[PDB]
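A.B. asks: Build me a model from this:
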Amino acid sequence: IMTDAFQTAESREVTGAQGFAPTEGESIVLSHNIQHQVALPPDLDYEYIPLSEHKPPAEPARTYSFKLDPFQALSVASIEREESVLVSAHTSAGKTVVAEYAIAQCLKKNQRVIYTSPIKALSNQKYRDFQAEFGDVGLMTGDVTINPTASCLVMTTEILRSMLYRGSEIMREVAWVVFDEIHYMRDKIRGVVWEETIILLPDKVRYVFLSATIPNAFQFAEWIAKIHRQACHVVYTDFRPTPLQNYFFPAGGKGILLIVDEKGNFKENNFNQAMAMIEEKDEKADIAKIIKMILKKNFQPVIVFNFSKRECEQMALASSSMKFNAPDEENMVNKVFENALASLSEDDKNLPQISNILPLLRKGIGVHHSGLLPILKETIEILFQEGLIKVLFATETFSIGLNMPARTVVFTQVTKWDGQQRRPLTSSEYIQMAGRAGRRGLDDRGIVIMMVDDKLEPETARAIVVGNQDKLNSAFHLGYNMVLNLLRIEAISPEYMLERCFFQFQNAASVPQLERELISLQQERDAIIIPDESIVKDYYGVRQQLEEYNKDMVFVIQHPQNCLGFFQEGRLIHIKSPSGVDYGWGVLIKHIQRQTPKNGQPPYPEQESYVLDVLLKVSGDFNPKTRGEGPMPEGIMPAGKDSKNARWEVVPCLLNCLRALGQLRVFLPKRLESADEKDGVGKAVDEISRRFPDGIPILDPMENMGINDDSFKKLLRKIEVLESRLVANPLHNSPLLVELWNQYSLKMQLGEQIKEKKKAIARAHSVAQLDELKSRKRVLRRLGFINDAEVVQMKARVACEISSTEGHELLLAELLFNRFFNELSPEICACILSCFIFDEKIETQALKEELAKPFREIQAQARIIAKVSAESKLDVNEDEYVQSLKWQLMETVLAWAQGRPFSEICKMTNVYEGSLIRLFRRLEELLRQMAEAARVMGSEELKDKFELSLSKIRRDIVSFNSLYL
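C.D. replies: Numbers count the residues shown, from 1 in each chain. See the structure here:
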C-alpha cells in the first residue's frame, strides 16, 4: 500500500453543469493508461552520439480512411514514419487493424510484405481476410503456395525460416515483415523457430510486432534494436473494456467463492476457506452442474477451456442433457450449416464427425480444437460470434484466434502441456484466456471460474491470478537442421546465432540487475531484527517437525494392520476429518469393507478402503446417506445450529477420519432406526463424559494396540524427544509468539526468496548451450555428416532440406543417402514417412510384417544414431528416441495413396478426421521437401520417386484452405 485509488463501485457521476460546457462521463469507467517507449540502436563510435527523438503524432498524416482509436493511432503512426514497432495489448484492443495498415501502406507505394501466424489454420483465415480486402495477397504454406508473385504474402513461420536459410531472392525485395501473436515465441518446441526467422532477416527490414500484454515488451525491442541496429518503438496498454470478478470452484465443493474483487481486491479468507474443501480428497460431473446453473444464473455465453481434445468432447456430452436454444435459434443453426455442404462431397457430408456435431450445435453447444475439420471448426466459430452457440468447449489454441468474447470463462484444468513439463498455469496464459470474458457492450462484468485440485503447493494457486505477470522467455535451443544450415554457409557460424538469440540477450541484460535484486533482499532480512533470533528458529523449526510427524503416527494407526482388530460394536471412537476438523467423540456402530467399486476409479488404498458407520452428534444438510466417496456425508459439527439440531447420528465415516479409540465400549442393540433409539445411546456417551472430566482414556498405540514395529518405535520415540524441545521455550505464561512468528516468517521467506535469486544468477551464466554445441558437433563428425575441419559434407546438404520433421533430420538423411527408398514403391515410401510426421497417439493394431520390416530397420537405425549420440555427452535414452515413431498410422495412409474413400479411411484408426488432415498435408510436405533432398544427392530417380508418391496424396477435398488465384 503506497499510492492507489478506489473506483465508484456500481454506478456514479462525479460532476454536473448547465447550458454551456458540460463534462461527459457517460456509461464508461474506469479504463485509462497507455504507454509508449522507444529502444535505440547501439552507437559505433565515441565521436558522435545523435539524440534522435521519435515521438509520433497521435493521428497520422494519412489514415487511408482506416478507423483508428487513440491507442492504435500511435501504433499506426510509428509504421507511417517507417520504424519497427511492438504492439502489446489484449485481444480487445483490435491490434489486427494495424497489420492491415502496414500492408496497405506498402501497397500504396507498391512494395512487398510478409505476414505470419503461429498456426497454419489461422494463416488460411487471415489470407482470405486479406485477399478479399486488398487483392494483392497470396498465401505460401508448405502444403499450398498460391500467387507467390503477389506483393503481400501470408506464410507459415516454418516456410519463412526455410527461405532465409536457403537464401531466397524474394527477401531482397521484402520491406516489412508482420508477426502476429508473437508472444507464443514462448513455446518450448516451436518458439525457437520464431527467433531463427527474426535473427536471419536483413537488418534493413522493418518489423511489426502484434502481441498480448507482456511486462518485458521494452526488453524485446532492446533485443531487436541491438542485433538489427534499428530504432524500435513500443506501444503497450493494460486497459480492457470490462471489469473482471474471479470465482474459485473447489473440487467436490457445492459452490463458488469470489477470490478477486472487480476492483482487484483479493479476498484471502474466501481463498483459505476454498482450500478447506480440497483436503477432502468423479469431479468431472461438477462442470455439468456449473454449466447448468450459470444458464439459470444467466451467465452466457460461457467459454470452457480444456487442454485435452478428448475430454473436451466428454464435457459437451455431459452437457448434452441440456438445451439452450430456442425454436427460431433451433433451425437457424442448421440453415447456415447447409452452406458448407456445397463445399463438400456427399460422402464427406455424411462423415461420422459431422453427423454427431450437428445435433449438438442445434442445442447451442460448441466444441473447438485442432482435431476438427477446418470447415467444421469455422462454422462453430461462425455460430459463436453470431450468437447461435451459448456454450463452447475450447482448447488453448482458441484464445490465439480472432477476438470472439463471451460473458464467462471457466478453467477446468490449471496444469498444462506434455512437451517437457507439467506446469501450473502461468499468469500470461491466464490473462489471455480470461480476457475472453466480459463482452464490451452487453456485460457488466467478466465471470471467471476455476476448478482447483490441490497438492503440496497451494502457493501455485495464489500467484497465478493474484500475483504479477511473467517475463517473455526465449525457448531457443540447438537443433541438427539449424546448426548444419549455419555450418553450411561460409559467412556465418552457428555461434553467430547463439550470440544474437533472445535467450542470450536476456541473461546478459539480466545479470547486472539480478545482482542488485540479491543485495537488496539480503538487506531486508538483516534489517529485520528479532529478539533472541535463535530460540524462535528452534521453536517454529521443531513446531513444523512435530505437527508433521504426528500425522505419520495416525496414518500407521488408521491402517487396518493395527486398528481393525480393535473394531467392536459399541467401542467409543474419536472422529476427526482429514481436514483437521474435530467431529468430537463417538461410538462404533458398524465397520464394513468396501468391495468392488463400479469401474472407473483405481481400486482403494487400504487406508481409505473401509467405511466406518459411527454415531456422532453433528448436523447440517442431513441426508447424504447415499454417500459421496468423500470422507463424510457433508455435515457440520456443533459449530452451526446447535438448536435446530443436536442428534446422535450414525455417520458413514471413512477410515481416514479416525484419529483415536476409546478405552471401554457401550452395550449396543441390534437396531438404531428412529430418532429415539439413537438419542438414548447419546446419553450413554454423555454419561461417560460426566465421569471423565479431564478426558476420555485412549488406547495406547504401542502397548494397548500392540504395535512393535522398529519404524514405529523409532517415530514414536522421535515424537517424545521432539516434544521436550517444545517445553524448553517461552510457550507457557505468555503467547507473544504471534508478533515473533509474524516477524520471523519474513526472515525465512526472504531467506528463501534470496535462495531463489542466488541460484537465479547461476542460470544466467549457464554454459549449457555452448557445451551442447561442442558435444553435438561430435556426432556430426562421427556419423560422417561433416569433416574434421567441421565443414559440411554431402549428407549434411540433404539434411538442410528436411524441415517439417524434428528428430529425424539426420535419420532421414542417413536412410536416403544409404539407398533405402529406391527399393520401395511410391505409396510405400509415403506410408513409411508417416511415422515421422506427427506425434499424436493413435490406436490400431497392425504388426503386418511387410511394413514391420522397413519400420524395424529404420527404428533400429534410430537406436544406432541415439547410441553414439548419447555417449557423445548428450542426454537421450536408447529406448526413448526409438519409440518416438508411430506405426499406427502406416496402414491408414497407404490406403489413401491407393485411392480409397476418406470415410473408410477414418474407420481404420481412432484418429480425428481433422487431425488426420493435418498430419497428411504435413506428410505431403515432407515429400515435397525430400524431393529436393534427392535432387541435391545427385540421384534424380529418387526425386521422381518422391514426386510420384506425392501425386497420390493430392486431391480436391484433401487440399482445403482457400481457392482464389
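A.B. asks: Could you use CA atoms for every contact and neighbour count after this?
C.D. replies: Will do.
A.B. asks: Name the surrounding residues that touch stretch 828-842.
C.D. replies: Residues from elsewhere that reach stretch 828-842 (C-alpha atoms under 8 Å, 6 or more residues apart in numbering): 804-805, 808, 821, 851, 854-855, 884-891, 893-894, 897, 909-911, 919-920, 922-923, 926-927, 946, 949-950.
A.B. asks: do that again at 6 Å, thanks
C.D. replies: By C-alpha atoms under 6 Å, 6 or more residues apart in numbering, the list of residues contacting stretch 828-842 from outside reads 885-888, 890, 893-894, 919, 923.
A.B. asks: Could I get the buried residue list for that stretch?
C.D. replies: The neighbour-count criterion (16 or more other C-alpha atoms under 10 Å) identifies 828-838 as the buried residues of stretch 828-842.
A.B. asks: Grab the two from the contacts of stretch 828-842 that are most spread out in space.
C.D. replies: Looking at the contacts of stretch 828-842 by C-alpha to C-alpha, the two members farthest from one another are 885 and 894, with 16.5 Å of separation.
A.B. asks: Can I get the buried residues of stretch 828-842 in a markdown table including distance to residue 247 and secondary structure?
C.D. replies: Putting the buried residues of stretch 828-842 into a markdown table (distance: C-alpha to C-alpha, whole Å; DSSP: H, G, I helix; E, B strand; the rest coil) gives the following:
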| residue | distance to residue 247 | secondary structure |
| --- | --- | --- |
| 828 | 55 | helix |
| 829 | 54 | helix |
| 830 | 51 | helix |
| 831 | 50 | helix |
| 832 | 50 | helix |
| 833 | 48 | coil |
| 834 | 45 | helix |
| 835 | 44 | helix |
| 836 | 44 | helix |
| 837 | 41 | helix |
| 838 | 38 | coil |
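A.B. asks: re earlier: compare the contacts of stretch 828-842 and tell me which is most surrounded.
C.D. replies: The member of the contacts of stretch 828-842 surrounded by the most neighbours (other C-alpha atoms under 10 Å) is residue 923, with 26 neighbours in all.
A.B. asks: Which residues lie in contact with it in this structure?
C.D. replies: The contact partners of residue 923, taken as C-alpha under 6 Å, 6+ apart, are residue 837.
A.B. asks: what's the spacing between it and residue 897?
C.D. replies: Here the distance between residue 923 and residue 897 works out to 12 Å (C-alpha to C-alpha, to the nearest Å).
A.B. asks: before we move on, what about residue 773?
C.D. replies: The spacing between residue 773 and residue 897, counted by C-alpha to C-alpha, is 40 Å.
A.B. asks: do the same with residue 903
C.D. replies: Residue 903 sits 14 Å away from residue 897, going by C-alpha to C-alpha.
A.B. asks: These two: which has the busier surroundings?
C.D. replies: Neighbour comparison, residue 903 and residue 897: the larger count goes to residue 897, with 19 against 15 (by other C-alpha under 10 Å).
A.B. asks: so the more buried one touches residue 952, yeah?
C.D. replies: Yes - counting by C-alpha atoms under 6 Å, residue 897 touches residue 952, with 5.1 Å between them.
A.B. asks: Would you agree residue 487 is in contact with residue 493?
C.D. replies: Yes - with contact defined as C-alpha under 6 Å, residue 487 counts as touching residue 493 (5.5 Å).
A.B. asks: Settle it for me: which of those two has more neighbours?
C.D. replies: The residue with more neighbours, out of residue 487 and residue 493 and counting by other C-alpha under 10 Å, is residue 487; that gives 19 against 15.
A.B. asks: ok, that one - contacts?
C.D. replies: residue 493.
A.B. asks: Just give the number of residues close to residue 421.
C.D. replies: By other C-alpha under 10 Å, 10 other residues sit near residue 421.
A.B. asks: Checking it next. Helix, strand or coil?
C.D. replies: Recorded secondary structure, residue 421: coil (DSSP: H, G, I helix; E, B strand; the rest coil).
A.B. asks: Next, count neighbours for residue 916.
C.D. replies: Neighbours of residue 916 under the rule other C-alpha under 10 Å: 22.
A.B. asks: Helix, strand, or coil at it?
C.D. replies: Classified using three-state DSSP, residue 916 is helix.
A.B. asks: just how off-centre is stretch 262-273 within its chain?
C.D. replies: Distance of stretch 262-273 from the chain centroid (C-alpha atoms, centre = their mean, to the nearest Å) equals 24 Å.
A.B. asks: mind listing what's buried in that stretch?
C.D. replies: Of the residues in stretch 262-273, those scored as buried under the neighbour-count criterion (16+ other C-alpha under 10 Å) are 262, 266, 270-271.
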